[PDB]
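Chemist: I have a structure here, written as structure tokens, and I will follow up with some questions on it.
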Amino acid sequence: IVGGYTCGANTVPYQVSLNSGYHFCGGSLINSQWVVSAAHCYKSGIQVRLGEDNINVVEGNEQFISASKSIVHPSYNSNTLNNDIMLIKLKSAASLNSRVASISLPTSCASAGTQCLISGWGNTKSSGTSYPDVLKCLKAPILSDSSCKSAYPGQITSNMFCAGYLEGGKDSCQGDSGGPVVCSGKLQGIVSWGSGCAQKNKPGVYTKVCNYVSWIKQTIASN
Ligand SMILES: *[C@](=O)([C]([C][C][C][N]C([N])=[N])[N]C(=O)[C]1[C][C]([O])[C]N1C([C])=O)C1=NC2=C([C]=[C][C]=[C]2)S1
Ligand SMILES: [Ca+2]
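Read in order, the letters of the sequence shown correspond to residues 16 to 34, 37 to 67, 69 to 125, 127 to 130, 132 to 183, 184A, 184 to 187, 188A, 188 to 204, 209 to 217, 219 to 220, 221A, 221 to 245 in the authors' numbering.
As structure tokens, this is what we get:
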């Protein structure tokens, strides 16, 4: 997260870190046994880390649970990142508490202009590299589909939306993928991609979760 601020220990209880010997992507807890992340974050041997703040220090509120299965969206396209979403099941149910909580799925898609909270342990510099150990936060509005497609002509599908500021300086970045975009108490986006980080006229692109609620509910119910 570039241009954001330190969230505060466990102020984002649904935020999870996907670990394969090191943090490689973020994710969102949707219930005690399931996590939502980006399809491009898929890999074998994933360990979900909940209740984290400083990912390099065991502070006392974390729960490390191995994934038992991963399900990449049936229409995921690794080249264009269309349908960039995946489900990860925990080998054992997480113990839900105030610092480890699930985030609700959308009932309807959010409108442009709606303010959202984007979070992650990604790079904090737009022209360099500096990874934070504590969770970073960023308030960002959903941009019109017009400004989104204008910035990325021919690259935006109906399964993506842009959020951020066209002026640049504030945005998600590498290390944030798979992470949450929460608006009005619901998971509306998943950190997906973008042109560089926090660059003017190049806002962050996020998977549009509202288009997948049906798939998520049916998939988790059958697995
Ligand atoms: C993700 O943390 C980043 C998030 C980038 C957010 N960008 C924005 N908000 N301006 N995404 C990657 O860097 C993606 C994935 C690839 O398809 C290409 N790239 C683009 C164009 O954004 C990460 N994803 C990966 C990382 C490391 C290795 C593989 C995927 S970090
Ligand atoms: Ca920790």
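For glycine and all other residues, C-beta sits at the position ideal for the given N, C-alpha and C.
For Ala171 and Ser217, what's the separation of their Cα atoms in angstroms?
Modeler: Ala171 and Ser217: Cα-Cα distance of roughly 9 Å.
Chemist: Examine the Cβ distances between the segment 102-115 and the segment 147-154 and report whether three or more of them are shorter than 8 Å.
Modeler: Segments in contact, no.
Chemist: Roughly how many whole angstroms lie between the Cα atoms of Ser93 and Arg117?
Modeler: If you take the alpha carbons of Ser93 and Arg117, they lie about 34 Å apart.
Chemist: Where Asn223 and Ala111 are concerned, what is the direct C-alpha to C-alpha distance, given to the nearest angstrom?
Modeler: So the two alpha carbons sit approximately 42 Å from each other.
Chemist: Could you give the DSSP three-state label for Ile63: helix, strand or coil?
Modeler: Looking at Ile63 - three-state DSSP - the assignment turns out to be coil, as it is neither helix nor strand.
Chemist: Could you give the C-beta distance for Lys109 and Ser86, rounded to a whole number, given that I count them as a contact under 8 Å?
Modeler: Confirmed, Cβ separation roughly 4 Å.
Chemist: Please determine whether the Cβ atom of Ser150 lies at a distance below 7 Å from any heavy atom of ligand 3.
Modeler: No copy of ligand 3 appears in this structure; the ligands present are ligand 1 and ligand 2.
Chemist: Could I get the ranges of all uninterrupted beta strand (DSSP E) runs contained in the segment 142-171, with 3 residues as the minimum, in chain order?
Modeler: List check, beta strand (DSSP E) in window: 156-161.
Chemist: Assign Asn95 to buried or exposed, taking buried as 16 or more other Cβ atoms, counted over all protein chains shown, within 10 Å of its Cβ.
Modeler: Result: exposed.
Chemist: Under 7 Å Cβ to Cβ from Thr134, same chain only, skipping five residues before and after it: list those, please.
Modeler: Taken in chain order, the residues that qualify are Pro161, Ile162, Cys201 and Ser202.
Chemist: Check the DSSP bridge columns for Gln30 and list the partner residues they point to.
Modeler: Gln30 is bridged to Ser45.
Chemist: Tell me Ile73's beta-bridge partners as DSSP assigns them.
Modeler: In DSSP, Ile73 forms no bridge with anything.
Chemist: Just the Cα atoms here: how many angstroms apart are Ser195 and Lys169?
Modeler: Between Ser195 and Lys169, the C-alpha separation is close to 21 Å.
Chemist: Using C-beta distances below 8 Å, list every residue in its chain close to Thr98, excluding the 5 sequence neighbours before and after it, in chain order.
Modeler: Excluding sequence neighbours, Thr98 sits near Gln175 and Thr177.
Chemist: Distance check for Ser130 and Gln30, CA to CA, integer angstroms please.
Modeler: Taking the straight line from one Cα to the other gives about 23 Å.
Chemist: Checking 8 Å against the spacing of the C-beta atoms, do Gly211 and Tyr234 come in under that value?
Modeler: No, the Cβ-Cβ distance between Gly211 and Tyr234 is not below 8 Å.
Chemist: Just curious, the beta strand (DSSP E) that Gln81 is in, first and last residue?
Modeler: Element bounds for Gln81: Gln81 to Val90.
Chemist: Anyone know if the C-beta pair for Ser120 and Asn48 falls short of 8 Å?
Modeler: A contact, by the Cβ cut-off of 8 Å.
Chemist: Going by DSSP, what residue range makes up the alpha helix (DSSP H) through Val235?
Modeler: Its alpha helix (DSSP H) spans residues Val235 to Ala243.
Chemist: Provide the residue span of the beta strand (DSSP E) that contains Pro198, from first to last.
Modeler: Element bounds for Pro198: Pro198 to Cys201.
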